[PDB]
Amino acid sequence: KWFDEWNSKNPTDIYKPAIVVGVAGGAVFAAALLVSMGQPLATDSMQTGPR
Amino acid sequence: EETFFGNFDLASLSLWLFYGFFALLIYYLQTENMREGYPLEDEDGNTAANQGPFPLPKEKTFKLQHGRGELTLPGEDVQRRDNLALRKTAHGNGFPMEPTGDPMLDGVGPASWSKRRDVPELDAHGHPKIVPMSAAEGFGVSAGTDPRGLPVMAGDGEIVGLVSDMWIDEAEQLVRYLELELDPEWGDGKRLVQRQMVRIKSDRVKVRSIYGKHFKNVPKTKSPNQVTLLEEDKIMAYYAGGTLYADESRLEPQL
Amino acid sequence: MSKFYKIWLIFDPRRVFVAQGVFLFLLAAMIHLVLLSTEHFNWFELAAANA
Amino acid sequence: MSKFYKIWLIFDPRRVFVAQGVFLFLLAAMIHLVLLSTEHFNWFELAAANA
Amino acid sequence: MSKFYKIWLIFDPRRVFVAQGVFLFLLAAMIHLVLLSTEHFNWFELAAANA
Amino acid sequence: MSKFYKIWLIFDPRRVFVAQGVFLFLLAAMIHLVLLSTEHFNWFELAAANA
Amino acid sequence: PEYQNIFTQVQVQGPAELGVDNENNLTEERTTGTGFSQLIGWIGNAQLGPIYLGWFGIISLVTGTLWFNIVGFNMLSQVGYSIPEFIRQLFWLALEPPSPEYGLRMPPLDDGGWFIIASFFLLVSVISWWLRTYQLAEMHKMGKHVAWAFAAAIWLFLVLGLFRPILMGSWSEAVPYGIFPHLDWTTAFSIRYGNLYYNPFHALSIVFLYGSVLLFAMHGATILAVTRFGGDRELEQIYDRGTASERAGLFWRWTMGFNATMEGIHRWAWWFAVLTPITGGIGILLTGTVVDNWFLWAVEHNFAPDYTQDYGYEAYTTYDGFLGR
Amino acid sequence: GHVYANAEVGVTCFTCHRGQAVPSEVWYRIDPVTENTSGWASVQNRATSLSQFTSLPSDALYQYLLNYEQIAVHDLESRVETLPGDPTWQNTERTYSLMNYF
Amino acid sequence: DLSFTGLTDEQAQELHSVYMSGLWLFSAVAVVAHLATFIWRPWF
Amino acid sequence: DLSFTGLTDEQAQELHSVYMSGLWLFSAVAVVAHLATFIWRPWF
Amino acid sequence: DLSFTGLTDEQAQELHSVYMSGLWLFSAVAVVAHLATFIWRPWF
Amino acid sequence: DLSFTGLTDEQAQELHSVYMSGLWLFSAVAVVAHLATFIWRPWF
Amino acid sequence: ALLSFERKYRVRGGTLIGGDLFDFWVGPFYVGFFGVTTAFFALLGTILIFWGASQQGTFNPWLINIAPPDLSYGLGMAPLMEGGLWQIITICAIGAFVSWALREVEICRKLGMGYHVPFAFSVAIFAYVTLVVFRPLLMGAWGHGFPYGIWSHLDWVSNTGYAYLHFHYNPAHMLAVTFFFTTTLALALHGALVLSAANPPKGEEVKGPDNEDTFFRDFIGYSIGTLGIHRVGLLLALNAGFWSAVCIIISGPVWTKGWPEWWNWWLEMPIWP
Ligand code: BCL
Ligand code: BCL
Ligand SMILES: CC[C@H]1c2cc3[nH]c4c(c3C)C(=O)[C@H](C(=O)OC)c4c3nc(cc4[nH]c(cc(n2)[C@@H]1C)c(C(C)=O)c4C)[C@@H](C)[C@@H]3CCC(=O)OC/C=C(\C)CCC[C@H](C)CCC[C@H](C)CCCC(C)C
Ligand SMILES: CC[C@H]1c2cc3[nH]c4c(c3C)C(=O)[C@H](C(=O)OC)c4c3nc(cc4[nH]c(cc(n2)[C@@H]1C)c(C(C)=O)c4C)[C@@H](C)[C@@H]3CCC(=O)OC/C=C(\C)CCC[C@H](C)CCC[C@H](C)CCCC(C)C
Ligand SMILES: CC[C@H]1c2cc3[nH]c4c(c3C)C(=O)[C@H](C(=O)OC)c4c3nc(cc4[nH]c(cc(n2)[C@@H]1C)c(C(C)=O)c4C)[C@@H](C)[C@@H]3CCC(=O)OC/C=C(\C)CCC[C@H](C)CCC[C@H](C)CCCC(C)C
Ligand SMILES: COC1=C(OC)C(=O)C(C/C=C(\C)CC/C=C(\C)CC/C=C(\C)CC/C=C(\C)CC/C=C(\C)CC/C=C(\C)CC/C=C(/C)CC/C=C(\C)CC/C=C(\C)CCC=C(C)C)=C(C)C1=O
Ligand SMILES: COC(C)(C)C(=O)C/C=C(\C)CC/C=C(\C)CC/C=C(\C)CCCC/C(C)=C/CCC(C)CC/C=C(\C)CCC=C(C)C
Ligand SMILES: COC(C)(C)C(=O)C/C=C(\C)CC/C=C(\C)CC/C=C(\C)CCCC/C(C)=C/CCC(C)CC/C=C(\C)CCC=C(C)C
Ligand SMILES: COC(C)(C)C(=O)C/C=C(\C)CC/C=C(\C)CC/C=C(\C)CCCC/C(C)=C/CCC(C)CC/C=C(\C)CCC=C(C)C
Ligand SMILES: COC(C)(C)C(=O)C/C=C(\C)CC/C=C(\C)CC/C=C(\C)CCCC/C(C)=C/CC[C@H](C)CC/C=C(\C)CCC=C(C)C
Ligand SMILES: COC(C)(C)C(=O)C/C=C(\C)CC/C=C(\C)CC/C=C(\C)CCCC/C(C)=C\CCC(C)CC/C=C(\C)CCC=C(C)C
Ligand SMILES: [Fe+3]
């Protein structure tokens with residue numbers, strides 16, 4: 001029975017999760033899409049001149 | 001084609017002539033950009049012993065409209081501030097200054113204003129350029145969301161009042177300022193906010209730079225129908241100083 | 001170990017539980033996708049066909 | 001030579017110390033990398049060849 | 001040598017500790033990677049070859 | 001000349017000292033590198049040859 | 001986040017602005033009629049029109065229309081007047097300069113006459129447009145900077161099409177009127193006279209083009225970042241310095257050790273852009289008339305790099321190894 | 001010297017023919033590719049079966065690989081005296097088309 | 001006696017007593033799922 | 001006495017003692033690691 | 001007396017004493033390292 | 001008396017004495033190094 | 001030495017990391033954590049370049065060339081005299097560029113401005129990283145990057161352009177070239193208009209924004225405004241950079257034939273007779 005703690009001391013619950021979510025869901029997952037878009041078609045090259 | 005001596009042909013001569021021309025042009029361009037803020041000073045206000053590699057330019061004159069006279073540059077710094085509430089943190093040069101009292105109220109740091117003229121900017125007709133929408137003939141909202149009547153939200157999440165009017169630029173057909181009416185709990189009178197520091201939503205207007213308790217100390221205009229250049233500089237500097245001075249965590253390192 | 005409960009005297013439980021739930025999901029989804037992208041572990045091999 | 005202590009009436013130690021700290025580490029990294037690009041003094045390759 | 005403690009009258013420890021941690025971790029990672037880039041000291045390849 | 005001390009009434013010692021330090025280090029590095037571009041004065045290669 | 005000032009939040013509309021006037025009576029030649037576009041109002045001004053009608057503008061319009069129509073009808077006749085095949089091969093067609101065997105003489109209509117007529121009309125149109133841009137600034141009692149910067153591009157235009165073919169003695173040195181066919185001319189010109197990379201004036205032109213793009217990026221970002229202090233009103237900041245100019249200067253002073261003024265940055269911009277076609281035209285005019293192989297010129301003047309390794313694939317791999325057999 | 005350049009590789013019927021009476025990749029003369037044109041304008045400005053998807057001349061393979069015309073276009077000194085009859089950028093375009101075909 | 005959150009020692013203990021059970025149930029379910037998946041296809 | 005950080009003499013001494021202790025422990029661990037690595041695969 | 005930094009004579013003397021104490025220890029360590037390296041692989 | 005930097009005559013003399021001492025020490029070290037190098041590998 | 005109006009802006013605070021351990025100036029330059037890192041990385045890279053030049057045999061600025069390794073090394077580390085120096089210098093350059101951007105962010109924060117300039121610099125950094133990191137990674141070898149030489153990095157561009165035969169037929173190259181030309185034209189027009197307003201003929205008063213708006217509506221029938229021109233210039237420059245990166249990244253890993261062949265989809269649509 002503690003409702004007198006929440007209503008007395010209120011902030012924002014959803015702010016830190018939004019960070020976690022825009023970090024992995026955002027950056028990590030989209031990086032995968034972009035890499036796995038061009039790399040599925042592998043390429044090999046033959047050298048015919050000086051480096 | 002033949003060569004004057006060695007490998008010297010017309011192309012080489014053109015290249016060397018361009019080199020000389022470019023040196024002269026660089027000198028001219030650098031000199032033209034030293035008409036404001038010179039000569040240099042040290043941190044104690046005295047003239048510095050070093051002044052640079054490039055000498056100062058000669059004087060040029062502007063002729064202003066609406067009978068304001070002439071402006072000759074380079075000259076004396078007429079936009080200089082007189083009494084700054086600042087303190088030194090070292091006996092030499094190259095270290096920061098520390099505010100003496102309240103940086104937001106004293107106009108130092110990112111809250112700094114420049115001493116502009118105490119007159120409004122005019123249009124081609126000779127009238128004040130920025131006018132409240134209640135006194136502009138034939139103007140109206142044509143697209144987007146109308147913010148009049150919506151409540152205003154502070155940076156810490158407090159409702160301070162309502163938007164009562166908009167001040168627009170008649171010559172360029174653009175909104176410049178938003179006028180607010182403060183609640184009695186958060187001050188008295190009306191204040192202006194620049195359009196570039198607000199976000200208009202479907203149910204509210206958000207101002208994130210300053211907090212709820214900072215809204216009563218925003219500088220006010222002398223007249224309800226016009227604003228001078230000094231007043232604008234003082235108002236916009238106040239709103240920009242809060243991005244660093246509103247909260248102690250905004251100034252300390254973020255890591 | 002007996003005094004591990006004092007963590008809630010440092011961090012706010014309300015903003016911790018939501019972030020933890022937002023992390024455990026977006027971890028499980030990543031692991032499931034990693035399993036799917038392989039051949040031996042794709043279970044949509046016994047699936048994707050009906051006799 | 002006995003009055004060399006008077007340099008600290010010209011320069012503040014706060015700037016001087018960071019300048020010296022950058023310079024010394026730069027020097028060390030440069031010298032080690034220069035040694036690593038020769039044949040006679042490359043110790044990683046000497047260890048491999050000696051075995 | 002016995003008065004080296006006066007370095008903390010010049011530099012703030014709160015700011016020194018973070019920079020020192022960053023420097024030490026980056027140095028450790030760089031050295032481990034340099035070892036991994038060779039042949040004689042790459043312990044992932046040695047395990048494969050030896051067994 | 002005994003009146004050479006008056007150069008410090010025209011130039012600030014703080015800026016001259018910095019300029020002199022930069023100039024001297026760059027000059028030393030330039031000379032040391034010019035020596036190593038020859039065959040007769042490259043001490044690394046001479047060490048390698050003498051073994 | 002904070003508002004970034006890329007798209008306007010709300011738009012307002014009032015009576016249309018018909019423009020300023022003086023004793024020169026500009027209102028006499030202006031059209032009546034204006035419009036408003038709310039789609040372009042999100043990024044800039046919404047008002048469309050009115051426009052000024054003079055003799056130079058009308059002459060330029062008529063001659064340019066004639067040039068366009070001559071090129072188009074020649075391209076249409078070259079394909080048999082078949083509209084679907086005209087559309088199918090639009091990017092590959094062109095009106096071709098004369099053959100080298102005619103020198104500077106007038107060729108037949110079949111082998112370059114139409115090309116000469118179209119070139120004459122285009123030249124008239126461009127010169128008339130430049131005259132219009134000069135006259136408007138003269139009648140507005142302003143400076144002549146716009147005309148001088150348009151003349152710098154006209155210099156490279158004229159060198160490409162008129163001056164160099166006369167110096168070389170053949171109308172066959174000009175550029176064909178077509179899309180893929182003029183990009184073929186660019187590549188063939190580079191191949192014919194060695195390597196245009198080793199032309200020092202081509203390199204200077206590239207320097208100035210890169211610099212102008214860099215400068216516009218810097219200036220646009222800087223002005224947008226001080227707009228919260230009313231920085232986009234540049235003329236009043238020139239006449240009466242404010243805190244926007246001071247912050248804008250101090251940013252670059254603390255970044256790279258030197259800065260500009262609000263008026264002096266536009267001089268930098270004006271020179272970097274105009275110096276591109278001038279150096280380009282100087283470089284183009286020297287090719288073929290003075291220098292015939294730019295790589296050999298670079299070898300002679302000792303700035304051509306030298307390579308030690310070998311050429312050919314058999315020095316690096318094997319045909320079976322590449323195929324994976 | 002060509003068919004045995006690196007190893008023993010000959011030619012038989014099953015090198016041009018591959019089971020067909022008419023071998024694939026044979027070419028004809030198509031030089032006038034546009035109408036109402038007379039000279040250098042008569043051979044190039046069109047995407048044809050001989051031009052390699054470009055608008056470069058379709059005249060090649062008939063002046064070079066059937067007739068005997070010069071392929072080289074470069075000047076062999078940094079400064080030379082240009083004469084009429086010397087190669088121009090149009091000869092360079094024809095050589096560019098041939099090299100695209102190669 | 002630190003409290004950056006406005007709780008008192010006994011309230012934090014009661015909260016932790018529920019958090020621990022909530023964690024242990026998840027752990028047990030995950031253990032059973034991993035046992036089943038290993039039975040399907042071993043990876044060691 | 002000269003001080004730019006606001007600390008006193010005694011506080012600086014007390015802090016330096018603990019900092020030196022940490023430095024010595026770190027160095028001892030590194031020495032043991034380097035000895036083991038050299039025994040396994042010697043350079044020099 | 002000339003003082004751009006605000007320090008006195010005694011403060012400068014103390015600072016220089018500690019600074020040179022650091023410099024000499026650094027130099028001694030470097031000398032030992034150089035001697036060991038020369039014994040391992042001479043360059044003269 | 002002319003002075004752009006704000007110094008005095010006596011201050012300039014005192015500074016120049018120490019500057020010259022440092023210059024002479026640097027030069028002596030350089031001379032010894034050059035002599036050792038010349039004995040090692042002559043260039044004249 | 002400071003400007004006449006500069007002292008009131010030089011306050012303490014506004015750092016991402018470091019506090020006042022590095023919060024000072026050296027001459028006009030601001031120093032911070034990222035100033036220290038920039039100095040270290042840039043100095044190390046420059047000194048390594050000159051060491052490689054001395055070992056090559058020439059100090060001529062036109063002729064110095066430091067090259068990446070052979071294709072047979074793949075994505076591994078090469079000997080320092082056969083390509084490893086290029087890799088170390090590449091790492092140093094990436095570190096230096098990122099440090100420069102973060103220093104700009106700290107300066108922006110201290111001055112109370114927006115962060116448009118570091119964001120705009122990030123696009124140039126992205127183009128460089130695409131040239132030296134992403135494309136070689138997709139192609140499978142570090143030897144696909146361009147060399148570090150004033151005149152030798154033009155030979156790389158030439159040979160890479162001619163490996164797809166006729167590179168002008170690349171559509172993304174067309175878009176990038178168009179954006180470059182349009183950006184330059186817009187910059188010329190903007191500078192000219194502002195200078196012409198501020199500098200009238202001798203004996204004449206100065207002009208205002210109404211005059212500029214009138215000149216361009218008379219000239220061409222439309223005026224973009226004094227706020228729209230800066231947005232348009234920034235957008236054009238950023239588009240130029242982005243499409244340059246796209247055009248280079250599609251040439252190696254996505255398309256292998258010559259570029260004229262790509263238009264065969266248009267040349268052979270069923271809608272034609
Ligand atoms: C045979 C040659 C081919 C050809 C081959 C190629 C190839 C191949 C490439 C292009 C590329 C480009 N081509 Mg093309 N191209 C050709 C002909 C043309 C023609 C023409 C005929 O007029 C034009 C106008 C162009 C122009 C262009 C641009 C669209 C583009 C340039 C990249 C850029 O600006 O990124 C600008 C971005 C950068 C890389 C700059 C990075 C800056 C960094 C971040 C900062 C460095 C700081 C520095 C060290 C500080 C020093 C100063 C201090 C004081 C120390 N091409 C011919 C037909 N072209 C290039 C491209 O798009 O690559 C991206 C490319 O690779
Ligand atoms: C294989 C191709 C060759 C090459 C061949 C050439 C040739 C050939 C030329 C260029 C030229 C240029 N090259 Mg190069 N060039 C190459 C590769 C490159 C690369 C690269 C690889 O990165 C780059 C960045 C460049 C860049 C450049 C530019 C810097 C320069 C063009 C000047 C200018 O301002 O153009 C802007 C263009 C103009 C201003 C033209 C004039 C336009 C006029 C004003 C238009 C009038 C209006 C019109 C008629 C009416 C329209 C109607 C409307 C609907 C109303 N080159 C390679 C090596 N280069 C030019 C130059 O100057 O060389 C010295 C040139 O002639
Ligand atoms: C990139 C710079 C070039 C340029 C572009 C340009 N021309 C323009 C515009 C622009 C951006 C206009 O906005 C304006 C216009 O109305 O376009 C639709 C116009 C115009 N200026 C013109 C002349 C013109 N300018 C020229 C020059 C140039 N202006 C430059 C070369 C030339 C040349 C190439 O020599 C000519 C022939 C016509 C192309 C057009 C005529 C406009 C006019 O007579 O008065 C203003 C418009 C009205 C009468 C009212 C609205 C009717 C519009 C003509 C149609 C669109 C209305 C619609 C409701 C809005 C849709 C959005 C539009 C943006 C398309
Ligand atoms: C400093 C050099 C840079 C530069 C500068 C520059 N260009 C300029 C100027 C300046 C300073 C002008 O003042 C002038 C201008 O009017 O700008 C708005 C111009 C100009 N630069 C132009 C083109 C141009 N500039 C280029 C380059 C550059 N310009 C450089 C990068 C390039 C290339 C290849 O990069 C091109 C293609 C024009 C838009 C304009 C010159 C207009 C002109 O001379 O028009 C003559 C008129 C005709 C030929 C009539 C054409 C008839 C048409 C077939 C129809 C009528 C027009 C209609 C509006 C178009 C169709 C509209 C449809 C909706 C129907
Ligand atoms: C579309 C984006 C355009 C752009 C934007 C842009 N550039 C920028 C900015 C912006 C917005 C800045 O704010 C920033 C700046 O401060 O400018 C003054 C900058 C900048 N862009 C610059 C240059 C530059 N920009 C270029 C291009 C562009 N910049 C684009 C066209 C180019 C080219 C090739 O076109 C160059 C050369 C610098 C002047 C500056 C930032 C440079 C800087 O300070 O870097 C920090 C590091 C050092 C001091 C030196 C590091 C040295 C290395 C460690 C060693 C050398 C390595 C290198 C790879 C060798 C190359 C050899 C060559 C022969 C190839
Ligand atoms: C309206 O608005 C606007 C303005 O306003 C009004 C503007 O102005 C501008 C700006 C535009 C212009 C000025 C136009 C001209 C611009 C160009 C042509 C752009 C191209 C620019 C260049 C070619 C030059 C750029 C120069 C660069 C990048 C190099 C400068 C950098 C350095 C020298 C190093 C920086 C220093 C650092 C990091 C600090 C040092 C580090 C330390 C750890 C300090 C400790 C000390 C030491 C180790 C030793 C001492 C160090 C010293 C002396 C530093 C110097 C280094 C040396 C080696 C001596 C714009 C756009 C604008 O729109
Ligand atoms: C091989 O080479 C490469 C580069 C690939 C590498 O792999 C390189 C790898 C490295 C260089 C790795 C380096 C790794 C380290 C330096 C690791 C260091 C790790 C630690 C220091 C870990 C510390 C962990 C501590 C933990 C988990 C503590 C937990 C504490 C608690 C759960 C208690 C919570 C506290 C409470 C409740 C306080 C009570 C509150 C009151 C109010 C009283
Ligand atoms: C081979 O060639 C190449 C280039 C590849 C190289 O690898 C070259 C490499 C180098 C040149 C490397 C150089 C490396 C160095 C110079 C390394 C230096 C390292 C140190 C000086 C490390 C110091 C570490 C110190 C530590 C860990 C100290 C303390 C730690 C603590 C946890 C102490 C905690 C303190 C407290 C609590 C004080 C509180 C007190 C109060 C009173 C509040
Ligand atoms: C061979 O060719 C190439 C180019 C490859 C080269 O390698 C060329 C190389 C050179 C040209 C190299 C040149 C090198 C130098 C000039 C090196 C100079 C080095 C020094 C001057 C080093 C000085 C070091 C000094 C030190 C470490 C001093 C003190 C350290 C302390 C920790 C002291 C701390 C002091 C305190 C706490 C004072 C506090 C007191 C109070 C009272 C507050
Ligand atoms: C071979 O051809 C090539 C091009 C390769 C070359 O190599 C050509 C090379 C040259 C042309 C080289 C030319 C080189 C020179 C001209 C070099 C000159 C060098 C000097 C003049 C050096 C002087 C150094 C002096 C110093 C270090 C003196 C003193 C320093 C200090 C004393 C520091 C302490 C100062 C104090 C305490 C002052 C404070 C006093 C108070 C009273 C407050
Ligand atoms: C038939 O269908 C209709 C009616 C719809 C049409 O009209 C359709 C029309 C088309 C589809 C038209 C398409 C047109 C093009 C694709 C045109 C492309 C044009 C170019 C790329 C032109 C480039 C021109 C010029 C260049 C690159 C440089 C310089 C040129 C000049 C300086 C020209 C000037 C010439 C002079 C001065 C010579 C005059 C000679 C005298 C003797 C006075
Ligand atoms: Fe501007």
Side-chain angles (χ1 to χ4, degrees), chain B residues 36-43 45 47-52 60 62-66 71 77 79-81 84 86 89-90 93-99 103 107-112 114 121-125 129 169 171-174 196 237 240-245 250-255, chain M residues 1-33 102 105-115 195 197-214 223-228:
Chain B
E36 304 254 25
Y38 283 85
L40 309 177
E41 312 162 347
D42 53 41
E43 297 201 333
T47 306
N50 59 292
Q51 289 295 322
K60 72 182 296 186
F62 291 101
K63 287 186 59 175
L64 316 174
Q65 326 152 80
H66 311 126
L71 178 70
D77 195 11
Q79 286 101 4
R80 207 204 264 278
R81 304 270 306 276
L84 300 161
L86 281 173
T89 64
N93 309 309
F95 280 94
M97 317 273 135
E98 178 82 22
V108 300
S112 301
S114 166
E121 184 173 346
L122 312 182
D123 63 25
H125 322 294
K129 176 186 203 33
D169 180 339
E172 311 213 73
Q173 297 212 32
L174 191 64
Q196 282 107 345
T243 66
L244 200 71
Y245 289 136
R250 289 177 179 198
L251 186 67
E252 283 293 288
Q254 317 290 110
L255 312 170
Chain M
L2 322 178
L3 292 172
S4 295
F5 51 78
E6 166 166 17
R7 181 177 65 83
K8 63 182 196 264
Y9 296 100
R10 277 200 181 192
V11 291
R12 181 177 65 83
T15 75
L16 302 175
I17 175 170
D20 48 336
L21 170 64
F22 304 118
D23 216 14
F24 52 82
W25 285 262
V26 173
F29 298 110
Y30 175 71
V31 198
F33 191 89
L102 290 163
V105 164
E106 245 168 22
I107 292 166
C108 271
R109 185 160 182 99
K110 194 196 279 281
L111 271 165
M113 301 156 65
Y115 305 99
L195 287 181
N199 288 274
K202 184 186 114 277
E204 219 84 41
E205 310 177 334
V206 301
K207 306 309 192 231
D210 302 352
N211 292 82
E212 297 171 322
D213 271 349
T214 320
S223 172
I224 195 71
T226 64
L227 170 71

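The basis for the numbers below is simple: all heavy atoms, side chains too, and nothing from hydrogens, waters or symmetry mates. Letters A, B, ... mirror the listed sequences (proteins, then strands); counts begin at 1.
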With a 4.5 angstrom heavy-atom cut-off, could you sort out which part of [X] is near chain M: side chain, backbone, both or neither?
{"X": "B:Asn93", "answer": "neither"}
{"X": "B:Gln65", "answer": "both"}
{"X": "B:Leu251", "answer": "both"}
{"X": "B:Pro103", "answer": "neither"}
{"X": "B:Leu174", "answer": "side chain"}

Heavy-atom closest contact ([X] atom, [Y] atom, distance):
{"X": "B:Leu255", "Y": "M:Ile17", "answer": "CD2-CG1, 3.7 Å"}
{"X": "B:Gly37", "Y": "M:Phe5", "answer": "CA-CE2, 4.0 Å"}
{"X": "B:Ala48", "Y": "M:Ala1", "answer": "CB-CB, 3.9 Å"}
{"X": "M:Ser4", "Y": "B:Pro39", "answer": "OG-O, 3.7 Å"}

Could you tell me the separation between the [atom1] atom of [X] and the [atom2] atom of [Y], rounded to the nearest 0.5 Å?
{"X": "M:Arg12", "Y": "B:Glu98", "atom1": "CZ", "atom2": "CD", "value": "4.5 Å"}
{"X": "M:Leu111", "Y": "B:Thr243", "atom1": "CG", "atom2": "OG1", "value": "10.5 Å"}
{"X": "B:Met97", "Y": "M:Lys8", "atom1": "CE", "atom2": "NZ", "value": "13.5 Å"}
{"X": "M:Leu227", "Y": "B:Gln196", "atom1": "CG", "atom2": "CD", "value": "7.5 Å"}
{"X": "B:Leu244", "Y": "M:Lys110", "atom1": "CG", "atom2": "NZ", "value": "8.5 Å"}
{"X": "B:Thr89", "Y": "M:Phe24", "atom1": "OG1", "atom2": "CZ", "value": "12.0 Å"}

inquiry  = Go through it in stages, so that I can follow the logic: the residues are B:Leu86 and M:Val11, the test is side-chain contact (heavy atoms from CB on, under 4.5 Å), and I'd like the CA-CA distance, side-chain angles, deciding distance and then a yes or no.
reply    = CA-CA 9 Å; B:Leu86 281 173; M:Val11 291; 4.3 Å; yes
request  = Pick whichever of B:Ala240, B:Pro110, B:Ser112 has the most heavy-atom pairs under 4.5 Å with chain M.
outcome  =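 Maximum pair count with chain M is reached by B:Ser112.
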inquiry  = Quick check for you: among B:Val108, B:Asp42, B:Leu84, which has the greatest number of heavy-atom pairs under 4.5 Å with chain M?
reply    =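 Maximum pair count with chain M is reached by B:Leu84.
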ask   = For B:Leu40 and M:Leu3, what are the C-alpha separation, side-chain angles and deciding distance, and is it a side-chain contact (heavy atoms from CB on, under 4.5 Å)?
value = CA-CA 5 Å; B:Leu40 309 177; M:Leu3 292 172; 3.8 Å; yes
request  = Under 4.5 Å heavy-atom distance to chain B, tell me which part of M:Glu204 shows up: side chain, backbone, both or neither.
outcome  =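 For M:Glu204, the contact with chain B is made by the backbone alone.
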key: Region of M:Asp20 that comes under 4.5 Å of a non-hydrogen atom in chain B   =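 For M:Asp20, no heavy atom lies under 4.5 Å from chain B.
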ask   = Run the side-chain contact (heavy atoms from CB on, under 4.5 Å) check on B:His125 and M:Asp210 step by step: do they pass?
value = CA-CA 10 Å; B:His125 322 294; M:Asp210 302 352; 5.8 Å; no
ask   = Can we say B:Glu41 and M:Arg7 salt-bridge, meaning some charged N sits less than 4.0 Å from an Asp/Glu carboxylate O?
value =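 The answer is no: the pair does not qualify as a salt bridge.
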